[PDB]
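[1] here is the sequence, then the experimental structure:
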Amino acid sequence: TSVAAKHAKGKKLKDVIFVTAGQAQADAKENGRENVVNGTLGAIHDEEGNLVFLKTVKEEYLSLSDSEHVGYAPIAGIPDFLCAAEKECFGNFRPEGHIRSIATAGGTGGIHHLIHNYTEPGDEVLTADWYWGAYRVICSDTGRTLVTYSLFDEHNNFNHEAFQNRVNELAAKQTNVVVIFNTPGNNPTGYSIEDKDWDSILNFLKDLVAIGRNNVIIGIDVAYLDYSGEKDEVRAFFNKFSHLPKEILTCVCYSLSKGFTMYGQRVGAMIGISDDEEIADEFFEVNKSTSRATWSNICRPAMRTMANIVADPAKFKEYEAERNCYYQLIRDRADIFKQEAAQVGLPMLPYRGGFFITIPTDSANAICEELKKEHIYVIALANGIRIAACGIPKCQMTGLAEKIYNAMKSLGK
Amino acid sequence: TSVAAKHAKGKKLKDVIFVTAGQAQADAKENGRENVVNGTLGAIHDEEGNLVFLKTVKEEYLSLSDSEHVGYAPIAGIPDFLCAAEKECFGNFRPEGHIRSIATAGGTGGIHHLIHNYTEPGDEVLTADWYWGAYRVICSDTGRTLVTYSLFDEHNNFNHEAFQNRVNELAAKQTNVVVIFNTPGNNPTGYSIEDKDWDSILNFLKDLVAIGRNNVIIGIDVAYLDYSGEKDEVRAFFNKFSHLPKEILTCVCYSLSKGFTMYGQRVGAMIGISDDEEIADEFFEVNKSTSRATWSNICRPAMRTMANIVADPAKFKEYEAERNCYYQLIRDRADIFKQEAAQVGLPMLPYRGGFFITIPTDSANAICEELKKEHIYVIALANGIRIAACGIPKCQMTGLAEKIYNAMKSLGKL
Ligand SMILES: O=C(O)CCC(=O)C(=O)O
Ligand SMILES: O=C([O-])CC(=O)C(=O)O
Ligand SMILES: O=C([O-])CC(=O)C(=O)O
Ligand SMILES: [Cl-]
């Protein structure tokens, strides 16, 4: 018994991420925090367990005028914010061509708008077989289908044959092919596309476009950019989108959730890049329209907060340095998990950065339910176990790769 | 020249509201707030021209924990917020039957969701001929068509015949009929559908669905709920949604924006109301999914701030007492304009409540342009001039109608 539209009739979300986090904090309220390890949600908590609100960000944010907290922001977002995000995102790497940006609600809004405006209903959207689960829903809630290519070959190199084969397949059947790359610090694996592999990607994508029947739209979910590596090394690939043929458009979906540790402020920028000023202006206008059509403006105090900080050299250096403490702090946790994981013999995907590390298993769900017994609370995907290294203090990181590998060995995994 | 999908290309907002509003702000920043009449945006300013952020709301919002400021909130919203939003919306009038709520990005989010889930591609959506322009963009960006019925008969009463006529034409071409009512305190007019009229509206919808051909989805945008009249009076109509036939689903789009004075912060709930428990559950699930597919989740601090207040009796009465002082201010402002508009002979649509008053004319663009040179900023609609009384102190409101009449006379527009 349903009154919903034809395409909406059967929708129900199974959300593993959020309940699984719930029994976590549920075991950590009543029985004490330190007998529970929380590997669920992508939020940074410090060595003592508290959620990190970077104190430079919070200080700006709390000091704002009534107008910045409750006033309206323009539809496209605050122009200072739009310039500050591109500044932060690009670093010394800002590509040439025409760049135009629109404020979005997180990376989610970015991905939603990109898919709404650049694909037709029924179209397939491409990403790596290791990917953030929501992409599924962003496509499927709209009549699009998310399809995948094997990210890794046998030795864990970017798998170019798998990618090119899948792209050629979408290209044969639809004019626009949208491909989402989530890099650097891929969610779940932590993997980052290398500079040489971007070269091979773009060179292939330029060859495809020269045939003359397709446009390619390259989405890049950069959410983990500030958690992936040295400042210039992780951004250097941004130079590689300069002066691409106009049949290729690039959309960098940048977010403040991680970089500024504002999660529930819901704020991002989608940043379009084109050799062609008209194509780039169309990116701004069509995505501006979808914003008005959806949330109509994004959160003001969070936009104003990150613009203020980035424009004040003292304040911005103070913020880079507080964030880098927390990221050095994460990088080490993954060092401790990487070293013990290797000695004990536990398989784990090739992490270069990011909040998560994943253990490949076909059994993840089962292996997770017995982990929930140990007071170890983690996320189960179709491909394996995802663990939030952002959330796990040094205390429980060491000897953790043992407690997981020990659960799998008992069950035949 | 164009890479966007076929249905996307050409989209361009010509956005009047924020461009005018920007001009006003810059005028006032340079020349002082007290030297500009800023009738642009639906935000409250007090008798000094200061943006109002209610003391009880601000103190709670700034006093939140880090966890409540930056923590992710669940896809459907904070359960406490969903519960508090239904409670302050429905009052003593909560309808009977199955109720399920979902967090949205303001009222835009709720209506974006409603249209995405309850209409097929190409369908028509009905609203009054005086409406908030955003509805049109919501429809057209997703490939629907917003269509209108004349809100007023010749006496400036709810035009039941123009409306029923419109419903019939839609019901003849598609299964679902979505109708958006912006009441009480309509944007742009300030009109509120009266209770008897809701009876006649509802009676007609029941007859319509008794045929077996259609579902009706009634969207009610309640943004102005708290600015419209006495607490119980403005809410009384909610009881009329008790046990409607299951072919009628009522969606109440609530916002924090105006009620709590977080204007820029688009935070609301869409509250579904159905007699049939599976209808309501379905409302919950298609809308949660679309929340994940669009914004993933809603601003956490705004939600908690509101749940906290509504759940505290002492903080709740104090918040209301604060909001009420400002509601009175907006009343007086509208009374002044009306008195004076009637004296100078300047026509005006009927204003019950809300932040805006509208002057009908097909000349708004030329008129507004002239008013600017006088440091008066109002918004030009296609059919009229929208004035936000919420943003215009009394001493400024005095003489305003005369000035608008005089601009229309000088420009040869009567
Ligand atoms: O008055 C306000 O609330 C702000 C409006 C604004 O900044 C804009 O023009 O986008
Ligand atoms: O929000 C989610 O789906 C899970 C998460 O931790 C993130 O990647 O932000
Ligand atoms: O936001 C707009 O388009 C105009 C406005 O003042 C409101 O009704 O919220
Ligand atoms: Cl569809």
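    Received the coordinates, thanks. Numbers count the residues shown, from 1 in each chain, chains lettered A, B, ... in the order given. Ligands and ions are numbered 1, 2, ... in the order given.

[2] and the strand or helix carrying residue A:139 with ligand 4, contact?
    For residue A:139, the host element (DSSP states H and E) is helix A:134-140. No - using C-beta under 5 Å from the ion, helix A:134-140 stays clear of ligand 4, coming no nearer than 9.8 Å. C-beta coordinates here come from the backbone N, C-alpha and C atoms, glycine included.

[3] with just CA atoms, put that helix into CSV.
    In CSV, the C-alpha atoms belonging to helix A:134-140 read as follows (Å, rounded to 0.1, in the frame of the first residue of the first chain):
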residue,chain,number,x,y,z
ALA,A,134,26.8,6.5,-0.2
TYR,A,135,27.8,6.9,-3.9
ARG,A,136,25.5,3.9,-4.4
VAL,A,137,22.5,5.8,-3.1
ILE,A,138,23.3,9.1,-4.8
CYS,A,139,23.1,7.2,-8.1
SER,A,140,20.3,4.8,-7.3
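
[4] look up how far residue A:238 lies from residue A:92.
    9 Å (C-beta to C-beta, to the nearest Å).

[5] residue A:166 contacts residue A:147, doesn't it?
    Yes - counting by C-beta atoms under 8 Å, residue A:147 is a contact partner of residue A:166 at 7.0 Å.

[6] for the residue lying closest to residue A:152 once chain neighbours are set aside, the count of nearby residues, please.
    Leaving aside its chain neighbours, residue A:152 sits nearest to residue A:159 (5.7 Å; criterion: C-beta to C-beta, 6 or more residues apart in numbering or on different chains). By the criterion of other C-beta atoms under 10 Å in any protein chain shown, residue A:159 has 20 neighbours.

[7] wait, isn't residue A:159 in contact with residue A:150?
    Yes - Residue A:159 is within contact range of residue A:150, at 4.8 Å (criterion: C-beta under 8 Å).

[8] just to revisit the earlier point, in its sheet, what does the next helix or strand after the helix holding residue A:139 sit against?
    Note on helix A:134-140: by DSSP H and E, the next helix or strand toward the C-terminus is strand A:145-149. Under the criterion DSSP bridges, strand A:145-149 sits next to strand A:124-128 (parallel) in its sheet.

[9] so what's the spatially closest residue to residue A:364 that is not a sequence neighbour bridging to?
    In this structure, residue A:364 finds its nearest non-sequential neighbour in residue A:380, 4.1 Å apart by C-beta to C-beta, 6+ apart. Beta-bridge pairing for residue A:380 (DSSP bridges): residue A:385.

[10] same question, residue A:220
    On the basis of DSSP bridges, residue A:220 is bridged to residue A:181, residue A:252.

[11] give the contact list for it.
    Residue A:220 is in contact with A:180-183, A:250-253, counting by C-beta atoms under 8 Å, 6 or more residues apart in numbering or on different chains.

[12] which parts of chain A sit against ligand 2?
    A:17, A:41-42, A:132, A:134, A:187 (C-beta under 6 Å from any ligand atom).

[13] can I get those in a markdown table with secondary structure?
    Converted to a markdown table, the residues of chain A next to ligand 2 look like this (DSSP: H, G, I helix; E, B strand; the rest coil):
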| residue | secondary structure |
| --- | --- |
| A:17 | helix |
| A:41 | coil |
| A:42 | coil |
| A:132 | coil |
| A:134 | helix |
| A:187 | coil |
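
[14] ok, those residues vs ligand 4, which is closest?
    residue A:134 (18.3 Å; C-beta to the ion).

[15] what's the burial count for that closest one?
    Residue A:134: 22 neighbours (other C-beta under 10 Å).

[16] I figured it hits residue A:106, correct?
    No - in this structure, residue A:134 is not within contact of residue A:106 by C-beta under 8 Å, at 10.0 Å.

[17] quick one, what contacts the nearest residue to residue A:7 once chain neighbours are set aside?
    Once flanking residues are discounted, residue A:7 sits nearest to residue A:143: 5.8 Å by C-beta to C-beta, 6+ apart. Residues in contact with residue A:143 (C-beta under 8 Å, 6+ apart) are A:7, A:121-122.

[18] Serialize those to TSV and add fields for secondary structure.
    Listed next are the contacts of residue A:143 as TSV, based on three-state DSSP:
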residue	secondary structure
A:7	helix
A:121	coil
A:122	coil
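
[19] which positions within stretch A:81-99 qualify as buried?
    Residues of stretch A:81-99 classed as buried by neighbour count (16 or more other C-beta atoms under 10 Å in any protein chain shown): A:81-82, A:84-86, A:88-90, A:93-95, A:97-99.

[20] what does stretch A:100-108 give?
    A:100-108.

[21] quick one, what contacts residue A:353?
    Per C-beta under 8 Å, 6+ apart, neighbours of residue A:353: A:184-185, A:190, A:192, A:224, A:227-229, A:234, A:331.

[22] ok, now with 7 Å
    Residues near residue A:353 by C-beta atoms under 7 Å, 6 or more residues apart in numbering or on different chains: A:184-185, A:190, A:192, A:224, A:227-229.

[23] ok, now residue A:149?
    Here residue A:149 is in contact with A:126, A:128-129, A:162-163, A:166 (C-beta under 7 Å, 6+ apart).

[24] specify the beta-bridge partners of it.
    Under the criterion used (DSSP bridges), residue A:149 bridges to residue A:128.

[25] wondering if stretch A:4-22 reaches ligand 4 at all.
    Yes - applying C-beta under 5 Å from the ion, one finds stretch A:4-22 in contact with ligand 4 at residue A:7.
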